[PDB]
């Protein structure tokens, strides 16, 4: 199970936050601060996985952006390390040469992409082909 997906930058500004279990605001907040305190301090000599509370966090930096997926401990690391990646690849196709800004000024459609590829804590679509085909069929929508 995926517990949450974060996208926050080198300073910890969250720029996407899909949660997959019930949390309060006060919780969601502390959580976002913690995911920062942990991911931001790791220097690539380290590995892409960390014990995080009772779960773990897969994550890869892309420019100033940390893409974090929190998962159950028994979850397949490489699986979720590439999910993150092909999700980014879809974003870069939807937005063409995507960057932090697209994800801010367009935050509201970031979520429709995310939920196309992940829903209810599980992976949904993997096929960049179909997920793009759909994102482009919407958008033609009134």
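Numbering follows the first chain given and starts at 1.
Annotation for 40 to 48 versus 89 to 97: the higher mean temperature factor (C-alpha) is found in 40 to 48. Here 21 to 29 and 126 to 134 are compared by their mean Cα B-factor, and 21 to 29 comes out higher. The entry assigns its greatest Cα B factor, within the set 80, 67, 55, 107, to 55. When the modelled residues of the chain are ordered by their C-alpha B factor, residue 112 lands in the middle third.
When the CA B factors of the chain's modelled residues are split into thirds, the value for residue 73 lands in the highest one.
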